[PDB]
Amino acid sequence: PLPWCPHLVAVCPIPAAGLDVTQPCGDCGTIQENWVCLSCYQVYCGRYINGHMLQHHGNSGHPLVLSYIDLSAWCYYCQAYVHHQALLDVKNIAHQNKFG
């Protein structure tokens, strides 16, 4: 797990509408294991389901994604979970929607 990665710059502001932890995958509609893209905020399933998030990374190049299950951040390029001040806002707003 990285304390910083050179891709944190790609992280965009949380949309005005906010984040929805219960949002289904934009491609297959599944509600098991989804991630949110921290650059465009689109929601897609993880590698263990149908890998629509990694497919989104392939098409967009967007490096950082946040898990809606455990609120962790993965960087596709660095191939590691990243923990940094930049991810505090995204993780807060998401935790509030997941718990209160």
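Residue numbers run from 1 along the displayed sequence.
- Comparing 73-81 with 87-95, the stretch with the higher mean C-alpha B-factor in the PDB entry is 87-95.
- Sorting the modelled residues of the chain by their CA temperature factor places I31 in the highest third.
- Residue-level temperature factors show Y41 in the middle third of its chain, judged at the C-alpha atom.
- Per the deposited record, the Cα B-factor of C5 falls in the middle third when ranked against the other modelled residues of its chain.
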